[PDB]
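Everything below belongs to model.csv, which stores CSV, C-alpha atoms and all ligand atoms.
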chain,number,residue,atom,x,y,z
X,29,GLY,CA,96.1,85.9,123.2
X,30,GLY,CA,97.8,85.8,126.6
X,31,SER,CA,101.4,86.8,127.0
X,32,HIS,CA,104.5,85.8,124.9
X,33,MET,CA,107.4,86.4,127.3
X,34,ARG,CA,110.9,85.5,126.1
X,35,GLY,CA,114.2,86.2,127.7
X,36,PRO,CA,115.5,87.2,131.1
X,37,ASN,CA,113.9,89.9,133.1
X,38,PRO,CA,114.8,93.4,131.7
X,39,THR,CA,116.9,96.0,133.5
X,40,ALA,CA,117.8,99.5,132.3
X,41,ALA,CA,121.4,98.4,131.6
X,42,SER,CA,120.3,95.3,129.7
X,43,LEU,CA,118.1,97.4,127.5
X,44,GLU,CA,120.6,100.1,126.9
X,45,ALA,CA,123.3,97.7,125.8
X,46,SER,CA,123.8,97.3,122.1
X,47,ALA,CA,123.4,93.5,122.2
X,48,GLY,CA,120.4,91.9,123.8
X,49,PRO,CA,120.3,88.4,125.3
X,50,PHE,CA,119.8,86.3,122.2
X,51,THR,CA,122.4,85.4,119.5
X,52,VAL,CA,121.4,86.8,116.1
X,53,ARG,CA,122.0,85.6,112.6
X,54,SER,CA,120.8,87.1,109.3
X,55,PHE,CA,120.2,86.3,105.7
X,56,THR,CA,119.2,88.2,102.6
X,57,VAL,CA,115.8,87.4,101.0
X,58,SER,CA,116.5,85.5,97.7
X,59,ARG,CA,113.3,86.5,95.8
X,60,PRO,CA,111.7,89.5,97.6
X,61,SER,CA,108.0,89.7,96.8
X,62,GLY,CA,106.5,93.1,96.6
X,63,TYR,CA,109.5,95.2,97.7
X,64,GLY,CA,113.1,95.8,96.6
X,65,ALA,CA,115.3,93.7,98.9
X,66,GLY,CA,115.4,92.6,102.5
X,67,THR,CA,117.8,91.4,105.2
X,68,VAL,CA,116.1,89.2,107.9
X,69,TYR,CA,117.6,89.2,111.4
X,70,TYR,CA,116.4,86.5,113.7
X,71,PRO,CA,117.4,85.1,117.1
X,72,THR,CA,118.8,81.6,117.0
X,73,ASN,CA,117.9,80.8,120.6
X,74,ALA,CA,114.7,82.6,121.7
X,75,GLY,CA,113.0,79.7,123.3
X,76,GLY,CA,109.7,80.1,121.5
X,77,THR,CA,108.2,81.8,118.5
X,78,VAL,CA,108.6,85.5,118.3
X,79,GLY,CA,106.8,88.4,116.5
X,80,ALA,CA,108.0,90.0,113.3
X,81,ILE,CA,108.8,93.6,112.6
X,82,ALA,CA,109.3,95.2,109.1
X,83,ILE,CA,111.4,98.4,108.9
X,84,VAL,CA,111.4,100.9,106.0
X,85,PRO,CA,114.0,103.6,105.2
X,86,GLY,CA,113.4,107.2,104.0
X,87,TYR,CA,113.4,108.9,100.6
X,88,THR,CA,116.6,108.3,98.7
X,89,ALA,CA,117.9,106.1,101.5
X,90,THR,CA,118.7,102.4,101.7
X,91,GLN,CA,118.9,99.7,104.4
X,92,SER,CA,122.1,101.2,105.8
X,93,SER,CA,120.2,104.0,107.4
X,94,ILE,CA,118.0,101.5,109.4
X,95,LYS,CA,120.4,98.5,109.7
X,96,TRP,CA,121.2,99.0,113.4
X,97,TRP,CA,117.6,98.1,114.4
X,98,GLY,CA,117.9,94.6,112.9
X,99,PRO,CA,120.4,93.1,115.5
X,100,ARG,CA,119.2,95.5,118.2
X,101,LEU,CA,115.6,94.3,118.1
X,102,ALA,CA,116.3,90.7,117.0
X,103,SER,CA,118.6,90.1,119.9
X,104,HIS,CA,115.7,90.7,122.3
X,105,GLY,CA,113.4,88.1,120.5
X,106,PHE,CA,112.0,89.4,117.2
X,107,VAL,CA,112.3,88.4,113.5
X,108,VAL,CA,113.2,91.8,111.9
X,109,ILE,CA,113.2,92.6,108.2
X,110,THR,CA,114.9,95.8,107.0
X,111,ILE,CA,113.9,96.5,103.4
X,112,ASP,CA,115.0,98.5,100.4
X,113,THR,CA,112.1,99.8,98.4
X,114,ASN,CA,111.5,99.1,94.8
X,115,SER,CA,112.8,102.6,94.1
X,116,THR,CA,114.5,104.8,96.6
X,117,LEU,CA,112.1,107.5,95.3
X,118,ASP,CA,108.9,105.7,96.4
X,119,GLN,CA,106.4,107.8,98.3
X,120,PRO,CA,104.8,106.9,101.7
X,121,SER,CA,101.7,104.9,100.4
X,122,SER,CA,104.0,102.7,98.3
X,123,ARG,CA,106.3,102.3,101.3
X,124,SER,CA,103.4,101.1,103.4
X,125,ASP,CA,102.4,98.5,100.7
X,126,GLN,CA,106.0,97.3,100.6
X,127,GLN,CA,106.2,97.1,104.4
X,128,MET,CA,103.1,95.0,104.5
X,129,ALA,CA,104.4,92.8,101.7
X,130,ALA,CA,107.6,92.2,103.6
X,131,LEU,CA,105.7,91.1,106.7
X,132,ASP,CA,103.7,88.8,104.5
X,133,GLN,CA,106.9,87.3,103.1
X,134,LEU,CA,108.1,86.7,106.7
X,135,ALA,CA,104.9,84.8,107.3
X,136,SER,CA,105.5,82.8,104.1
X,137,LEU,CA,109.1,82.0,105.1
X,138,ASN,CA,107.8,80.8,108.4
X,139,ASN,CA,106.0,78.1,106.4
X,140,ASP,CA,109.1,77.2,104.4
X,141,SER,CA,111.0,74.3,105.7
X,142,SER,CA,114.2,75.4,103.9
X,143,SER,CA,114.3,78.9,105.5
X,144,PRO,CA,116.3,79.7,108.6
X,145,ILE,CA,113.1,81.1,110.2
X,146,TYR,CA,110.9,78.1,109.5
X,147,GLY,CA,108.6,77.9,112.5
X,148,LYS,CA,110.3,80.8,114.3
X,149,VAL,CA,107.5,83.4,113.7
X,150,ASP,CA,104.2,84.0,115.5
X,151,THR,CA,102.7,85.6,112.4
X,152,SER,CA,99.7,86.9,114.5
X,153,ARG,CA,102.1,89.4,116.2
X,154,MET,CA,103.6,92.0,113.9
X,155,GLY,CA,104.9,95.5,114.1
X,156,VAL,CA,106.0,98.3,111.7
X,157,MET,CA,108.8,100.9,111.9
X,158,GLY,CA,110.5,103.3,109.5
X,159,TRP,CA,112.3,106.5,109.1
X,160,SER,CA,111.1,109.7,107.4
X,161,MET,CA,108.8,108.7,104.4
X,162,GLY,CA,109.1,105.2,105.9
X,163,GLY,CA,107.8,106.5,109.1
X,164,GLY,CA,104.9,108.0,107.3
X,165,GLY,CA,104.4,104.6,105.6
X,166,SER,CA,104.5,103.0,109.0
X,167,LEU,CA,101.6,105.2,110.1
X,168,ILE,CA,99.7,104.3,107.0
X,169,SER,CA,100.3,100.7,107.6
X,170,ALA,CA,99.0,101.0,111.2
X,171,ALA,CA,95.9,102.9,110.0
X,172,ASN,CA,95.1,100.3,107.3
X,173,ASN,CA,96.0,97.2,109.4
X,174,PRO,CA,94.7,97.5,113.0
X,175,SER,CA,95.7,93.9,113.6
X,176,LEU,CA,99.3,95.1,113.9
X,177,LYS,CA,100.5,95.1,117.5
X,178,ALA,CA,102.8,98.0,117.5
X,179,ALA,CA,104.3,100.8,115.4
X,180,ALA,CA,107.4,103.0,115.8
X,181,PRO,CA,107.8,105.8,113.2
X,182,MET,CA,111.1,107.7,113.4
X,183,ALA,CA,111.3,111.4,112.3
X,184,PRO,CA,108.1,110.7,110.2
X,185,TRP,CA,107.4,112.7,107.1
X,186,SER,CA,103.8,112.8,105.9
X,187,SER,CA,101.7,115.1,103.7
X,188,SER,CA,98.7,114.5,106.0
X,189,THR,CA,98.9,114.6,109.8
X,190,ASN,CA,95.5,113.1,110.5
X,191,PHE,CA,96.0,109.5,111.9
X,192,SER,CA,93.0,109.7,114.2
X,193,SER,CA,91.9,106.3,113.1
X,194,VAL,CA,95.0,104.5,114.5
X,195,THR,CA,94.3,102.0,117.3
X,196,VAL,CA,97.8,100.4,117.2
X,197,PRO,CA,100.2,101.3,120.1
X,198,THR,CA,102.5,103.9,118.4
X,199,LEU,CA,105.8,105.4,119.6
X,200,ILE,CA,106.9,108.4,117.6
X,201,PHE,CA,110.6,109.3,117.7
X,202,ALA,CA,111.1,112.9,116.8
X,203,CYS,CA,114.3,114.9,116.2
X,204,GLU,CA,114.3,118.4,117.8
X,205,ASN,CA,116.0,120.3,115.1
X,206,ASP,CA,114.6,118.4,112.1
X,207,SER,CA,114.6,120.6,109.0
X,208,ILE,CA,113.4,117.9,106.6
X,209,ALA,CA,110.3,116.7,108.5
X,210,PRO,CA,109.9,119.6,111.0
X,211,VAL,CA,108.4,118.4,114.3
X,212,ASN,CA,105.8,121.2,114.4
X,213,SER,CA,104.3,120.2,111.0
X,214,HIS,CA,104.9,116.5,111.0
X,215,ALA,CA,105.7,114.4,114.1
X,216,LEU,CA,103.9,116.5,116.7
X,217,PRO,CA,100.6,117.0,114.8
X,218,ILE,CA,100.6,113.4,113.9
X,219,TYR,CA,101.1,112.4,117.5
X,220,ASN,CA,98.3,114.8,118.7
X,221,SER,CA,95.9,113.4,116.1
X,222,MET,CA,95.8,109.9,117.7
X,223,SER,CA,93.0,109.7,120.4
X,224,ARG,CA,92.3,105.9,120.1
X,225,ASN,CA,95.5,104.3,121.1
X,226,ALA,CA,98.4,103.9,123.5
X,227,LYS,CA,101.0,106.3,122.2
X,228,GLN,CA,104.3,108.0,123.1
X,229,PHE,CA,106.3,110.9,121.7
X,230,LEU,CA,110.1,111.0,122.3
X,231,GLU,CA,111.9,114.1,120.8
X,232,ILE,CA,115.7,113.8,120.8
X,233,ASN,CA,117.4,116.9,122.0
X,234,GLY,CA,119.5,118.6,119.4
X,235,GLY,CA,118.6,115.9,116.8
X,236,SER,CA,118.9,116.3,113.1
X,237,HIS,CA,116.6,114.4,110.8
X,238,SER,CA,118.9,111.3,111.0
X,239,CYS,CA,118.8,111.2,114.9
X,240,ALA,CA,117.4,107.7,115.1
X,241,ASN,CA,119.4,106.2,112.2
X,242,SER,CA,122.4,103.9,112.2
X,243,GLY,CA,125.3,105.5,113.9
X,244,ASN,CA,123.3,107.9,116.0
X,245,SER,CA,124.6,109.1,119.3
X,246,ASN,CA,121.7,108.0,121.4
X,247,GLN,CA,121.5,104.3,120.6
X,248,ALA,CA,121.3,103.4,124.3
X,249,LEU,CA,118.1,105.5,124.9
X,250,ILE,CA,116.5,105.0,121.5
X,251,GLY,CA,117.2,101.3,121.4
X,252,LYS,CA,116.0,100.9,125.0
X,253,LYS,CA,112.7,102.6,124.2
X,254,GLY,CA,112.2,100.8,120.9
X,255,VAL,CA,112.8,97.4,122.4
X,256,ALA,CA,110.7,98.1,125.5
X,257,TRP,CA,107.8,99.4,123.4
X,258,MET,CA,107.9,96.4,121.0
X,259,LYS,CA,108.3,93.9,123.9
X,260,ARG,CA,105.4,95.4,125.9
X,261,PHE,CA,102.9,95.6,123.0
X,262,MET,CA,103.9,92.8,120.6
X,263,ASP,CA,104.5,90.3,123.4
X,264,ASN,CA,101.9,91.6,125.9
X,265,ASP,CA,104.9,91.5,128.4
X,266,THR,CA,104.2,93.7,131.4
X,267,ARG,CA,107.7,93.2,132.7
X,268,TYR,CA,108.3,96.0,130.1
X,269,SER,CA,105.4,98.3,131.2
X,270,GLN,CA,107.6,100.6,133.2
X,271,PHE,CA,110.3,100.8,130.5
X,272,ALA,CA,107.7,101.4,127.8
X,273,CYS,CA,105.7,104.0,129.6
X,274,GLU,CA,108.2,105.9,131.7
X,275,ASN,CA,109.6,109.3,131.0
X,276,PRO,CA,113.3,108.3,130.6
X,277,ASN,CA,114.5,111.3,132.6
X,278,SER,CA,117.2,111.9,130.0
X,279,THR,CA,118.9,115.2,129.2
X,280,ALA,CA,119.0,113.6,125.7
X,281,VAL,CA,115.2,114.1,125.5
X,282,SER,CA,113.8,117.6,124.7
X,283,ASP,CA,110.1,116.7,124.7
X,284,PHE,CA,108.4,113.6,126.2
X,285,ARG,CA,104.7,112.8,126.0
X,286,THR,CA,102.7,109.6,126.5
X,287,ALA,CA,99.0,108.6,126.7
X,288,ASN,CA,97.1,105.5,127.7
X,289,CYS,CA,100.2,103.6,128.4
X,290,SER,CA,100.3,100.6,130.7
W,301,CA,CA,117.3,121.6,122.8
Show this structure as structure tokens.
Ligand SMILES: [Ca+2]
Amino acid sequence: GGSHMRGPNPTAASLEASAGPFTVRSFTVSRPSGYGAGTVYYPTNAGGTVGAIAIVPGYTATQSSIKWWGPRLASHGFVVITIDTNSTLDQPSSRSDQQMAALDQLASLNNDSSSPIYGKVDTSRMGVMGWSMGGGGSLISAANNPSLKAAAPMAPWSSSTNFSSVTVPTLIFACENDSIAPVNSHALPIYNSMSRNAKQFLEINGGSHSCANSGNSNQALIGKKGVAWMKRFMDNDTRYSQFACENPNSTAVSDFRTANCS
């Protein structure tokens, strides 16, 4: 598909800032199809079509826990939907279905001349993210939909750790002191199961289960890595290779691993 480069050349400082290069606006989805609710964040001035990312919260949680990713990613050139699930008690498989339904709705709104994102989406370039059970659902989405270009589960919770089938580039954020989805029985065995993909594991030092959520104390680092990963793999943009693949050399990181990254 070639590359899909948007925006000025990245620097560490420009990726650690809270606001990327593009102005962002948002709207709530009027008739969500297959999920509970969504807010769509989009760049007004990206200079070309951009890929789409759907983000799912955790069990009992709402969009507030994942909201910060909307403007953070959209401002670098992505259409991002943060969803609420049909019920906040939905399990990971249901969360995956709703995540994929939200991406499909972004593709439909791209066809809709009355939508703010009419013609703004390259619907062939999509990614998945989520927290906790939504991170589990993101891994299910990636396993079931290898056409996805990237995945970034955060403090994932899953009953099964075997994601050996996944071929999608996957960045797993983990939280060192997680007591809800302990790293040793969730994020790390999940990470080790994947032998068929580019992958990365970033464990946040001292982090509780909410360490990648809105209001976290490491938005510079986490946001830099999330954006860099999505830019590298959703846009095929090798200006981001070093940022996506590098050990961040951060006292904020207690464990860093990566494989097959370029
Ligand atoms: Ca520590």
Would you mind listing the residues within 6 Å of ligand CA 301 (chain W), counting all atoms listed in the file, as a PyMOL selection string? chain X and resi 233-234+282
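For the choices X:75, X:85, X:66, X:60, the atom-to-atom distance to residue 34 of chain X is smallest for X:75 when using only C-alpha atoms.
You will find atom CA of residue 290 of chain X at 5.6 Å from atom CA of residue 269 of chain X.
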To one decimal place, how far is atom CA of residue 258 of chain X from atom CA of residue 40 of chain X in Å? 15.3 Å
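From atom CA of residue 51 of chain X back to atom CA of residue 77 of chain X, the distance works out to 14.7 Å.
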Residues within 12 Å of residue 71 of chain X, only C-alpha atoms, excluding chain neighbours under 2 positions, as number ranges by chain: X: 34-35, 47-55, 68-69, 73-80, 98-108, 144-145, 148-149
When you look at residue 41 of chain X with a cut-off of 10 Å (counting only C-alpha atoms), what residues show up, excluding the ones that are within fewer than 4 positions of it in the same chain? I need them as a ChimeraX atom specification. /X:45-46,248,252
Could you turn the residues from that selection into a file that holds C-alpha atoms, as a PDB file, in the coordinates of the input?
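Below you can see again-v8.pdb, which holds the result:
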ATOM      1  CA  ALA X  45     123.300  97.700 125.800  1.00  0.00           C
ATOM      2  CA  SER X  46     123.800  97.300 122.100  1.00  0.00           C
ATOM      3  CA  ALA X 248     121.300 103.400 124.300  1.00  0.00           C
ATOM      4  CA  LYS X 252     116.000 100.900 125.000  1.00  0.00           C
TER       5      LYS X 252
END
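Distance check against residue 175 of chain X using only C-alpha atoms: of X:211, X:156, X:88, X:187, the minimum falls on X:156.
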Would you tabulate, counting all atoms listed in the file, all residues of segment 215-245 of chain X that have an atom at most 8 Å from an atom of segment 201-210 of chain X, showing the closest pair of atoms and their distance in Å to one decimal, sorted by chain then ascending number, as CSV?
residue,atom,partner,partner_atom,distance
X:215,CA,X:202,CA,6.2
X:229,CA,X:201,CA,6.1
X:230,CA,X:201,CA,4.9
X:231,CA,X:202,CA,4.3
X:232,CA,X:203,CA,4.9
X:233,CA,X:204,CA,5.4
X:234,CA,X:204,CA,5.4
X:235,CA,X:203,CA,4.5
X:236,CA,X:206,CA,4.9
X:237,CA,X:206,CA,4.7
X:238,CA,X:203,CA,7.8
X:239,CA,X:203,CA,6.0
X:240,CA,X:201,CA,7.5
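Minimum distance to residue 159 of chain X across X:87, X:219, X:70, X:284 (counting all atoms listed in the file) occurs at X:87.
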Between X:160, X:198, X:91, X:277, which is the closest to residue 260 of chain X once you count only C-alpha atoms? X:198
Non-local contacts of residue 161 of chain X (8 Å; only C-alpha atoms; under 6 positions in same chain excluded) as a list in words: residues 85, 86, 87, 119, 120, 123, 184, 185 and 186 of chain X
In terms of the shortest atom-to-atom distance over all atoms listed in the file, which of X:267, X:191, X:31, X:151 is closest to residue 139 of chain X?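 Using all atoms listed in the file, residue 139 of chain X sits closest to X:151.
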Given only C-alpha atoms as the counted atoms, nearest of X:222, X:129, X:111, X:273 to residue 254 of chain X: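 Among the listed residues, X:273 lies closest to residue 254 of chain X.
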